[PDB]
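What follows is a single chain, given as structure tokens, in the form deposited in one PDB entry.
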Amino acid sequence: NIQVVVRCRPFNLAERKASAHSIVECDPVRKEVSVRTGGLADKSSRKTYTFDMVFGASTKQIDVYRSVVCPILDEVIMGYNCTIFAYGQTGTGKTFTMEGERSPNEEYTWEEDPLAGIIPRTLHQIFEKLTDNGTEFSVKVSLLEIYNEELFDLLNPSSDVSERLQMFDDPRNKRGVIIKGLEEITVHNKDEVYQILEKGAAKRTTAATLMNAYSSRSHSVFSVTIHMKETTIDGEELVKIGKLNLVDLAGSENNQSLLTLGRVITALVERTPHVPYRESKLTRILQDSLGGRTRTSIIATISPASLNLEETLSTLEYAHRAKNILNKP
């Protein structure tokens, strides 16, 4: 049982300028995406899909947060391991969703910013919810990228983003791995968040000038780990450990990690006995927070442009295979 949602972005300047026509109709209430498929030859042809949620070009970042993350974030707190992926063609709002943007000329606080995506929102809520819940807790973040199956550490104290991590099988866990060299930062409070996210962005900006099409060919794994203490009446300590992975996948257009994931998601769906985690860096990193027993969701991002027809259809067929709902009448 994996959750699959779809988010159509609005038109960019390039599209308005080319007088783009839309071919995507999103029905929030019916949980349906509708695609106009016959160009000039057949005006009536439609292909329709159903998801667990459908957000239009209108959907505000917070609506996405509230609908997708909270119920998931709850499970993380109950001490489980969860992943949310953003998926789709380059240019369709994966990075906008997973992490959002800064409104120009410091105009709201980072946490007030209406353009902020899932990552910065999630961090804000983790403290909010746990500072006032009462118990003792710590919060650790990591951020790494995968490019041509090599691993980079965006939060590392090393000034050269190009120093590469390594990955080993975790002996204390048969579903886990150890990322040798991975920096994890203790986030002591709400007020430590931004500077961390800023240093991470600065490194990524550098990564992109060093390697070709770094932005679209790379996977971002942002990871939060929450540690939750409680003592018993006679002094013994019961730890809960929660783990959320926020994953900004490489662009889907037509990459070992990307195809491999697809097959892992299939193997989980139609329940074929061997699921091929080992095959890619990304599915090995992720394995531990996949399999069921832990909530997984997928935000599929599409474009509304006519130009992006095939790409959009392809995204949708991919999402549909991840979870197959029949259409209502």
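Rigid core (definition): largest C-alpha set, two forms, superposition within 1.5 Å. Don't overthink the numbering: it's just position in the shown sequence, from 1.
This next part talks about the form deposited in another entry, which is not shown.
Just one of the listed positions, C26, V264, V68, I298, moves its Cα by at least 2 Å between the shown form and the other one when the rigid core is held fixed, and it is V264. Once you line up the core between the shown form and the other one, the Cα of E101 stays within less than 2 Å of where it was. Relative to the superposed core, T186 shifts its CA atom by less than 2 Å between the shown form and the other one.
A movement of the C-alpha atom of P276 reaching 2 angstroms or beyond is seen between the shown form and the other one when the two forms are aligned on their rigid core. Compared with the form shown, the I233-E75 C-alpha separation decreases in that other deposited form, the change being 3 Å or greater. The pair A322 and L290 is tighter in that other deposited form: their Cα-Cα distance falls by no less than 3 Å compared with this form.
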